[PDB]
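Residue numbers (the authors' numbering), protein chains in the order written: chain B, 3722 to 3775, 3788 to 3836, 3854 to 3859, 3869 to 3982; chain A, 3637 to 3647, 3684 to 3775, 3788 to 3809.
Cβ coordinates follow ideal geometry from the N, Cα and C atoms, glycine included.
The block underneath contains the structure these notes are about, expressed in structure tokens.
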């Protein structure tokens, strides 16, 4: 928090502190964003995946460098920026309260947040899993074609628990809908065959089929 | 070779082992206390693995026994080494999942560190 603002001198001191905190936060944000280009270069080096000759040191050197950069530098910079932002917000709130004092409805008187979007997705997955129980709702949702969206976008991304929950939800969505089962089987078979076409050409193609196979196994498991 | 004998071909003070036989030897017959001098040695050598020459039929039998024993030990070692394969496969499967998880020396994925320890540590040895 900040000292209460009761006089014009206190308001001026709060304004000066807010300006100084803004400058410090700008510097911290610039420093944090600086690591981004180096992070990109390190990511490029790692994506090369080139074998190299030399157990704590057994890992790829680029991987260790990236871990040190992000977990060590980026985390510290983010923490400092968050602390500065919290202090600035507290000062602004105190100044606004002082100005209002000088001067439902009474109670009334970030968008690009990847974590927030992920939480929204997880909550949506849980809610869909719940709503799946009503068989009529199940048919309605299948008509909405959520199966394709789930397979396409949310199937692979997200946490492992999210992956298992999504597999369960997909299974439940195809509880007894023969047309839906046919559609899902068709999608899985198509992806598998497309991968198998270039099997002799790309090991990664074989590598990137695990989720579909797990989904098929889960579907077969539920009688 | 494995053993050597170096003699001062042409030409106690430490252990007080008075060699009644050799009054003034180059070195003590017991202590090697060399009143004449002290000698240090070094060799531009590389370690070598070999066996003593087999000259008698008894040497042949001893060699056959040693070979059988070495074969048995090697079989045990080979079975042990081949054993690590399934664990490595399971760890590789877990890593291929690439499941995000929450907790920079230890910042890496736990599966990755475990796989590194298994392969680089056990398999190499």
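Other residues of its chain near residue i: CB distance less than 8 Å, five sequence neighbours each side excluded
i	result
residue 3779 (chain A)	Placed between 3775 and 3788 in the numbering, residue 3779 (chain A) has no coordinates, as chain A goes from one to the other without interruption by modelled residues.
residue 3802 (chain B)	3756, 3759, 3760, 3763
residue 3745 (chain B)	3817
residue 3936 (chain B)	3897, 3898, 3901
Straight-line Cα distance separating residue j from residue i
i	j	result
residue 3790 (chain B)	residue 3791 (chain A)	13 Å
residue 3815 (chain B)	residue 3751 (chain B)	13 Å
residue 3737 (chain A)	residue 3797 (chain A)	43 Å
residue 3713 (chain A)	residue 3642 (chain A)	11 Å
residue 3689 (chain A)	residue 3700 (chain A)	7 Å
residue 3735 (chain B)	residue 3773 (chain B)	56 Å
residue 3768 (chain B)	residue 3962 (chain B)	15 Å
residue 3747 (chain A)	residue 3732 (chain A)	22 Å
residue 3934 (chain B)	residue 3947 (chain B)	17 Å
residue 3800 (chain B)	residue 3807 (chain B)	10 Å
residue 3822 (chain B)	residue 3972 (chain B)	49 Å
residue 3876 (chain B)	residue 3904 (chain B)	22 Å
residue 3858 (chain B)	residue 3775 (chain A)	39 Å
Short Cβ contact (8 Å threshold) for residue i with residue j
i	j	result
residue 3884 (chain B)	residue 3943 (chain B)	no
residue 3804 (chain B)	residue 3788 (chain A)	yes
residue 3824 (chain B)	residue 3723 (chain B)	yes
residue 3916 (chain B)	residue 3974 (chain B)	no
residue 3739 (chain B)	residue 3828 (chain B)	yes
residue 3929 (chain B)	residue 3881 (chain B)	no
residue 3820 (chain B)	residue 3742 (chain B)	yes
residue 3931 (chain B)	residue 3970 (chain B)	no
residue 3964 (chain B)	residue 3951 (chain B)	no
residue 3813 (chain B)	residue 3879 (chain B)	no
Distance between beta carbons of residue j and residue i, contact taken as under 8 Å
i	j	result
residue 3810 (chain B)	residue 3753 (chain B)	4 Å
residue 3897 (chain B)	residue 3891 (chain B)	6 Å
residue 3709 (chain A)	residue 3687 (chain A)	The Cβ separation is near 17 Å, so there is no contact.
residue 3705 (chain A)	residue 3647 (chain A)	Actually they do not touch by this definition, with Cβ atoms about 16 Å apart.
residue 3771 (chain A)	residue 3919 (chain B)	4 Å
residue 3684 (chain A)	residue 3691 (chain A)	7 Å
Closer than 7 Å: residue i CB and nearest the ligand GTP heavy atom
i	result
residue 3714 (chain A)	As for the ligand GTP, it is missing from this structure, which has no ligand bound.
Sequence-distant residues of its chain with Cβ nearer than 7 Å to residue i (five each side left out)
i	result
residue 3726 (chain A)	3732, 3735
residue 3795 (chain B)	3763, 3766, 3767
residue 3924 (chain B)	3884, 3888
query: Along the stretch 3789-3808 of chain A, what residues have a CB closer than 8 Å to any CB found in chain B?
result: Listed by position along the chain: 3789, 3791, 3792, 3796, 3797, 3800, 3801, 3803, 3804, 3805.
field: Contact set between the stretch 3956-3978 of chain B and chain A, restricted to residues whose Cβ is under 8 Å from the partner
entry: Hits within the stretch, in order: 3966, 3969.
message: So if I threshold CB-CB distances at 8 Å, which residues from the stretch 3742-3775 of chain A count as touching chain B?
response: Going along the stretch 3742-3775 of chain A in chain order, one finds 3768, 3769, 3771, 3772, 3773 with a Cβ nearer than 8 Å to chain B.
query: Which residues, in order along the stretch 3914-3933 of chain B, keep a beta-carbon less than 7 Å from a beta-carbon of chain A?
result: Cβ contacts with chain A: 3918, 3919.
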